[PDB]
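Note sheet for the following structure.
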Amino acid sequence: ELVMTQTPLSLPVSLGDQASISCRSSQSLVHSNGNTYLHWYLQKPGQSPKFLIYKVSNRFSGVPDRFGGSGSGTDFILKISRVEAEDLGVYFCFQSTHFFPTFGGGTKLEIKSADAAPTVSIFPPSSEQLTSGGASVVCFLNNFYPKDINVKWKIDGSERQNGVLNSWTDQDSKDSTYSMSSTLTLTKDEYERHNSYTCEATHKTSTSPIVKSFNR
Amino acid sequence: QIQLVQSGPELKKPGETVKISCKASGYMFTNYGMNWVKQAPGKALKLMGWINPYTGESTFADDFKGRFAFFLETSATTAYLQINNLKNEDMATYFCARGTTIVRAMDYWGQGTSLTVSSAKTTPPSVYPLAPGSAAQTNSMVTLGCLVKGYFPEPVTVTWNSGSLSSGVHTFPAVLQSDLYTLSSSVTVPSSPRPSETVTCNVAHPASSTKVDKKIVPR
Ligand SMILES: CN1C(=O)[C@@H]2[C@H](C1=O)[C@]1(Cl)C(Cl)=C(Cl)[C@@]2(Cl)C1(Cl)Cl
């Protein structure tokens, strides 16, 4: 199969700036007939993918001048001269030169902004959850930038990499930051077996993780 | 003019079969092929195959054999994707898309059809208050929250103070934990208006006709 590799996974840009993303095939896309069937698509959060560039450098009807596609053989580039807000979303390259057309893995065009440390808060199991026989400890790591962040959970001073479910919001519309929620779910027996519960957040904004803990 | 309108969201249990429609218009339905694309939550687009026009032949990627079928009701210019014997891995969103032979690409795409496969039965959520747990404290702002646990199917609608509170809120996508969904939502307000000024989350679950409010009190 033809493997289509896109880089980067995420490309932060400042509106108005230039943006360039790469697409590489494991096999040349040049067809025997002379054509190169390498296309580009734009998929907006929640919307249907939109046709942007066909056969490497040909703009689909209605597509803005600022979108230019280039390259050959196995290497391709899609360039956006002056990024507009309507261009944010996920770009996918697609080849149909070789039987069983394949898509690249996508490149998300996002907003760049200044670094921001996360605002971390920890919440012990509520009283009504406990009464009901459950015990979840939730941790919010809000409004941070860049998006890369790792969160660790320690129960009585030792790491717990189980019972943990994470969820992440999309980039914020007005302030371009990201947010994460991490909840450590454990049985009530377990919860009632330990005293200290910590939420450790590691982000480029610090040499030391941000730690939030509570001891029941 | 060209429109590809897909059928509504689908909720099925393993082993059932689903029929997703794609109603085309604004173009000669009999002159273009219809492609189908699968996209798993946050994943890449994956082409399932397509059904040629004048000929009626269907091609399927290797991953979609045996249980999948493509057919169309041309007299109504609609294309169908039928999935029999549903599996859990069939859970994803499906797109219908017109193909243009000369360019060997799909040009106009449908809006997408979400398909969920689960043995779980409808279930309203359990809403718990997330108030601080007597630690840390002062500064200019305080973050509060609500845990919406054990519901199904999606979605749930979360608001704060009936939607009056908007800027300080972050409602996170739901995550599956044993056939059931759980989501959390945080709100940050100035520490002076709380508990002074009430802060309450309102959780609604249409699927089960549920509407719950949970005032956050210093827990
Ligand atoms: C008719 N018909 C096909 O043979 C396939 C589809 C289609 O609509 C697409 Cl969209 C077009 Cl057009 C061609 Cl040709 C391919 Cl091989 C790809 Cl590129 Cl997948």
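As a basis for the values below, the full set of heavy atoms in this structure was taken, side chains included, without hydrogen atoms, waters or symmetry mates. So that the names make sense, note that chain A is the first sequence line, chain B the second, and so on, each numbered from 1.
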Interatomic distance, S126(A) atom OG to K214(B) atom NZ [nearest 0.5 angstrom]:
9.5 Å
Toward chain B, the part of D172(A) with a non-hydrogen atom under 4.5 Å
side chain
Quick check for you: to the nearest 0.5 Å, what is the distance between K43(B) atom NZ and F103(A) atom CZ?
12.5 Å
On a heavy-atom basis, the closest approach of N166(A) and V175(B) is O-CG1, 3.5 Å
Rounded to the nearest 0.5 Å, how far apart are OG of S48(A) and CD of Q6(B)?
8.5 Å
Largest heavy-atom contact set with chain B, pairs under 4.5 Å, which of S213(A), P49(A), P101(A):
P49(A)
Among the listed options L45(B), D107(B), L176(B), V37(B), the residue most often paired with chain A at heavy-atom distances under 4.5 Å:
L45(B)
Point-to-point distance, once rounded to the nearest 0.5 Å, from OH of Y128(B) to CD of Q129(A):
5.5 Å
Are any non-hydrogen side-chain atoms of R104(B) and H31(A) less than 4.5 angstrom apart?
yes
Among the options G112(B), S184(B), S167(B), pick out the one with the most heavy-atom pairs lying under 4.5 Å from chain A.
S184(B)
Please determine, among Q95(A), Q43(A), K55(A), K50(A), the option with the most heavy-atom pairs under 4.5 Å with chain B.
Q43(A)
By a 4.5 Å heavy-atom criterion (distance strictly below it), what part of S181(A) contacts chain B: side chain, backbone, both, or neither?
both
Most contacts with chain A, counted as non-hydrogen pairs under 4.5 angstrom, among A105(B), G49(B), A136(B), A135(B):
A105(B)
Would you mind reporting whether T102(A) and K46(B) have side-chain heavy atoms less than 4.5 Å apart?
no
How about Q161(A): does its CD atom have over 12 heavy atoms from other parts shown lying under 6.0 Å from it?
yes
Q177(B) side, atom CD; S136(A) side, atom OG - distance, nearest 0.5 Å
7.5 Å
Could you tell me which portion of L183(B) (side chain, backbone, both or neither) has an atom closer than 4.5 angstrom to a non-hydrogen atom of chain A?
neither
Most heavy-atom pairs under 4.5 angstrom with chain A, which of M141(B), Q111(B), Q39(B)?
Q39(B)
Under 4.5 Å from any heavy atom of chain A - which part of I216(B)
neither
In terms of heavy-atom proximity below 4.5 Å to chain A, should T93(B) be classed as side chain, backbone, both, or neither?
neither
More than 12 non-hydrogen atoms from neighbouring residues, nucleotides or ligands closer than 6.0 Å to NZ on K38(B), yes or no?
yes
Is chain A contacted by the side chain of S186(B), its backbone, both, or neither, given a heavy-atom distance below 4.5 Å?
both
Shorter than 4.5 Å, heavy atoms on both sides: which option in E1(A), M180(A), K174(A) has the most such pairs with chain B?
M180(A)
Looking only at heavy atoms, the pair that brings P173(B) and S167(A) closest together is O-OG, 2.7 Å
Counting only non-hydrogen atoms closer than 4.5 Å, can you tell me which residues of residues 140-152 of chain A sit against chain B?
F140(A), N142(A), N143(A)
Taking atom CD of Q3(B) as the centre, does the number of heavy atoms from other residues, nucleotides or ligands within less than 6.0 Å exceed 12?
no
Is the distance from the ring center of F60(A) to that of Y108(B) below 6.0 Å?
yes
Can you tell me how far OG of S134(B) sits from CG of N215(A), rounded to the nearest 0.5 angstrom?
11.5 Å
Are the side chains of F172(B) and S179(A) in touch, meaning some heavy atoms are under 4.5 Å apart?
yes
Honestly, the part of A97(B) sitting under 4.5 Å from a heavy atom of chain A is neither
Check whether more than 12 heavy atoms from other residues, nucleotides or ligands sit under 6.0 Å from atom CG of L9(A), and answer yes or no.
no
Looking at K19(B), I want to see if its NZ is surrounded by more than 12 non-hydrogen atoms of other residues, nucleotides or ligands under 6.0 Å.
no
A side-chain contact here means heavy atoms from C-beta on lying under 4.5 Å apart; do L130(B) and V138(A) qualify?
yes
Show your working on side-chain contact (heavy atoms from CB on, under 4.5 Å) between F100(A) and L47(B) and close with a plain yes or no.
CA-CA 8 Å; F100(A) 227 84; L47(B) 175 61; 3.7 Å; yes
Should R219(B) and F123(A) count as side-chain neighbours, where that means a heavy-atom distance under 4.5 Å?
no
Considering non-hydrogen atoms only, spot the tightest contact between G104(A) and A44(B) and give its length.
O-CB, 3.8 Å
Measure the shortest side-chain to side-chain distance between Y54(A) and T100(B) over non-hydrogen atoms and say whether it is less than 4.5 angstrom.
no
Under 6.0 Å between the ring centres of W109(B) and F51(A)?
no
